[PDB]
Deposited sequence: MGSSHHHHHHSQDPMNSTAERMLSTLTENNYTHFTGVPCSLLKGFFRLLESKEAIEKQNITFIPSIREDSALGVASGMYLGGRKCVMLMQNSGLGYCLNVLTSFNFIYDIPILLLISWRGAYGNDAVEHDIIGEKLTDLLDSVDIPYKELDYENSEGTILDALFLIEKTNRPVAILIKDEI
């Protein structure tokens, strides 16, 4: 459903590479990623490793996104602030509130909130901003 509607837009915008840690909150997207259309998914032990793998994939000339949860954000923080915002390696972050965006803008990572009926206006706003920035921008979920 909402899951497939997302994936299709990304997969035909050349976003066929995804990393993340398996976890209950976004279970359906891991479901679909290992269901099947050619997609490459790299299961990761921890979020910082998922970010590193995604950044390496990007260096391989491949646009990619990492699925995660709020609790993992801490682990990636230094990476994002010391690597992708320094090398300008854009990764889309679909991070799945007050505290979260306070922290984000304190360390300066653009974020948006997805509305479920209007999936693409949030994700395409985010894609446009990463095109302008060549830096990671976050898409937020419940």
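A.B. asks: What stretches of this chain's deposited sequence are missing C-alpha coordinates?
C.D. replies: Several stretches lack coordinates - namely 1-16, 53-57, 118-132, 179-181, in sequence order.
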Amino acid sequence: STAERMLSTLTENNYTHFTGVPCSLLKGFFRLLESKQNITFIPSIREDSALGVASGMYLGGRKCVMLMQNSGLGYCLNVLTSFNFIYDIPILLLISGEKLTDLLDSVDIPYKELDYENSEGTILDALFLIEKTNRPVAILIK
From here on, numbers count along this sequence of modelled residues.
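A.B. asks: Quick one: say whether 39-47 or 26-34 has the higher mean Cα B-factor in the deposited entry.
C.D. replies: Per the deposited B-factors, the answer is 26-34.
A.B. asks: Would you mind comparing 98-106 and 53-61 for me and telling me which has the higher average C-alpha temperature factor in the entry?
C.D. replies: Stretch with the greater average CA B-factor: 98-106.
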